[PDB]
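One chain comes next, on its own, written out as structure tokens in the form deposited in one PDB entry.
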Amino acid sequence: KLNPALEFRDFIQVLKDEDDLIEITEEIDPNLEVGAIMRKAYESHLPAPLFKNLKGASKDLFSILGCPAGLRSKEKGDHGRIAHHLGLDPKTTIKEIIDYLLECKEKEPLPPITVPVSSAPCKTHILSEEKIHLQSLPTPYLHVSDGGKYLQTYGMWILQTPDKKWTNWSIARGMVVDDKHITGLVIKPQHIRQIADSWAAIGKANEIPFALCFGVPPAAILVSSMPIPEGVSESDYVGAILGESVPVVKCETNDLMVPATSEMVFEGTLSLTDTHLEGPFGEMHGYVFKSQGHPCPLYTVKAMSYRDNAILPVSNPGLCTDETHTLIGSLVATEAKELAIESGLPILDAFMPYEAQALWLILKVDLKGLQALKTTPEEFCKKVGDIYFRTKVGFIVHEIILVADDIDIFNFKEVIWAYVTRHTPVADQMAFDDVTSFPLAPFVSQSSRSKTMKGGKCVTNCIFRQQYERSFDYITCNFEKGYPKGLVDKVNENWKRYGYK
């Protein structure tokens, strides 16, 4: 009786069951080869590679599961891998997945429960410091010109305040530096709470305890992906999704609680004063730009534990579509729809098209609601921008596009049709000059805007002005929407009879 949301190995099992996993049992070099295979699989929406035979791997450390949230063919449900993180029907649509994530926000939060060490797979093998040799792991080198081997693409950082009452679960790319150290680049909006500020206040910024966990319950790795509100707990929300407390055990060398069925757990200390250059990485917009960016904190690994035949899950970002579009984009879209509901905005749905590399947020507007506001394009677009761009939700978003309710925003054919035909270029875009820029956006980081880090966002109005006032009847000139139902039905019925295959 499989539970993909709770057990990473059950998640692996259902994929296999659905002919959506390929067990690659021949030697594959973690240098470039793993990433290339993953990239081919991503781009044609093919089954996920499980590399059971990596060059340089010991029996236990490790295999690699690539593309844990890529797309796959429609018949199996194209967002099936995301649905299994939440334990949903695999043919659930992304629209319904997002709605379900909002529904879970109504559920009662469910704190983690501590389980016995002898039952917890992640404690099966336990290494003291002297046995920590990060450079002997078959850590993948994912893109050409990457600054180093990235071990942490799909694990969970676990950190805590000194008084142990705020625990933070999050994902942030983590590069191996040498045999004992890792450095991770965190990119976050400003004016949100930092775990480090707690330790820097009591003067221990040099020895902040951390755990890094791989192959955790898939609901957990999904929830720690993007922008959950400041009050809500991460673990308590994963519990509501699981309908059960996340099973956790304590770390060997510190007080942190890690998920019991993790594949791998690394423990140690990070230092805010001891820094290292975190050389470049192929990112969500499709580029590896040269240049190591400003020094990141150094993480010292002092202990680790893992299960038999451990599996490292990996995300290899680039061109659509991978985890950085499908998780990151849909989590933002979820928070964006939630924010809209709380503010009274007449918003039906929200999505970040994979073709726009998670730089576009499309808001599907209810026209009857829009009309009740008795507002104008100019007023509405400013109102929408302030709400989203001057908030943590619009952080990664550089363009917000508003469309009427006749547009299926989850189908990019319709989105690109509405974008292009329904807004006057420039005159129907509203610039936001003084809001916070997303540092990763290539047009930001490859311009002088990388210094100011302000502006370069816009709200684009793709709602006809008449649609702000009254019903506006036009014909959409395609086959399924241009013609009476029935004519459509008849033509479809007779299609093979006409001569078409």
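Take the two forms, superpose them, and find the largest set of C-alpha atoms that agree within 1.5 Å; that set is the rigid core. One-based numbering along the sequence shown.
Averaged over their C-alpha atoms, the temperature factors of 150-158 and 112-120 are higher for 112-120. As the entry records it, the average C-alpha temperature factor is higher for 231-239, out of 307-315 and 231-239. Based on the entry's C-alpha B-factors, the most elevated value among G174, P353, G279, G282 belongs to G279. Of the candidates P218, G203, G329, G80, the PDB record gives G203 the highest C-alpha temperature factor.
Among all modelled residues in its chain, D20 ranks in the middle third by Cα B-factor.
Among all modelled residues in this chain, the alpha-carbon of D408 has a temperature factor (C-alpha) in the lowest third.
Among all modelled residues in this chain, the alpha-carbon of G486 has a temperature factor (C-alpha) in the highest third. The entry lists a Cα temperature factor for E378 that places it in the middle third of the chain's modelled residues. In the PDB entry, a CA B factor belonging to the lowest third of its chain's modelled residues is recorded for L361.
This protein has a second form, the form deposited in another entry, left out of what is shown; the following refers to that one.
Of the candidates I126, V117, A372, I187, the Cα that moves 2 angstroms or more after core superposition between this form and the one not shown belongs to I187 alone. The Cα position of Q292 differs by 2 Å or more between this form and the one not shown after fitting on the rigid core. Compared with the form shown here, the C-alpha atoms of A220 and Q190 sit at least 3 Å closer together in the other entry. Distance between the C-alpha atoms of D433 and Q190: longer in the other entry than here (change of 3 Å or more).
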